[PDB]
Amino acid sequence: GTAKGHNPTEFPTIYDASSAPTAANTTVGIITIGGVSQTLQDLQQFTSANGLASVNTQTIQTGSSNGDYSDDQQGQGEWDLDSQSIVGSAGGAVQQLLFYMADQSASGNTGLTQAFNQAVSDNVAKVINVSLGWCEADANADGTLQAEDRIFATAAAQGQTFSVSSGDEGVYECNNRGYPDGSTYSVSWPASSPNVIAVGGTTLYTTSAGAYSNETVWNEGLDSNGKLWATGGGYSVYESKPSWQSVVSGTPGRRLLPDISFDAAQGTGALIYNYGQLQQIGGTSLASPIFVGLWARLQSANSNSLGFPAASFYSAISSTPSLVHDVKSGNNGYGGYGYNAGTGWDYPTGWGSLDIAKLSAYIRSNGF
């Protein structure tokens, strides 16, 4: 296998989804902070360059009508990654793409909380991407965790799937966002919620013909500031283990994450239009939208009737290893620290990546 960048339109072939329907019958949401004006121009460049029909989009001011929904310049790279990776992974079509924009002038984290709340209250998007997060202990200390978990609980009960990036700091989420900290490990919010699917990161190798070859843990070591870039993974210190995770024996009574993983290494990342220029980007910010687009295909294959899938993933995959690419090599720390990948579920990558046609067949036979 070779490590190289990929057009998001390649993710269906890589994850065995070409034979599934597109997500043309499923509405997808993206949570953003601030506006998406440049992102929508970059999305038009993406669909037009790839010869695809245009995507129907809507933007939603989730807070005060007088709030600040101006574009955040750095934010546009995130919304570009999320929207292009979803539409590519979805097979080039989604019913509608809804951007739930957080007010930037709201106090604390309340703008973001209100963006989650609007997506759940409206209950129009079946699958919602969240390529964001921060140390769960900080979210817990100011009340954000508690408030937002209520919203995600409502989402799961009404059959919506939030997909949340597990983090880019490996095990060192709470150490100044990714500075090595020896044996002290931590995880990201809202990925640690049991009411969302947490998505970690791989290094993706493809064959000379573009087919899947293998995946290892995403860990690209330290940047020039000394910050680690690697997949978030571990367990929450606050959230109890939901019972479907009992199949991973020998783990604490806490929510273990991530659940599944997809491509995240910048060196094997996605080629994304950002302010008109193509850039090769990674992060678990990539992995989550890949899952969102693929999962929205399976919703369209099933009349949008698949409920929150965490318990089903754990029962199906633990009993049916052919549904995943099991990542077995690498670690998500530094200097000998961190968790190691291995057979079956592991802390860097969870169950690994989904083989979508095999999972679709499983759902046809068994339901989900």
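One rule holds for the numbers: they count along the sequence shown, beginning at 1.
The mean C-alpha temperature factor is higher for 172 to 180 when 228 to 236 and 172 to 180 are set side by side. Look at the mean CA B-factor for 204 to 212 and for 246 to 254 in the entry; the higher one is 204 to 212. Set against one another, the Cα B-factors of 88, 283, 111, 133 in the record reach their highest point at 111. Between the residues 140, 74, 165, 192, the entry's highest C-alpha temperature factor is the one at 74.
Split the chain's modelled residues into thirds by C-alpha temperature factor. Residue 149 is in the middle one. In the PDB entry, residue 326 places in the middle third of its chain by CA B-factor.
When the modelled residues of the chain are ordered by their C-alpha B factor, residue 22 lands in the middle third.
When the modelled residues of the chain are ordered by C-alpha B-factor, residue 279 sits in the highest third. Ranked by C-alpha B-factor against the other modelled residues of its chain, residue 269 falls in the middle third.
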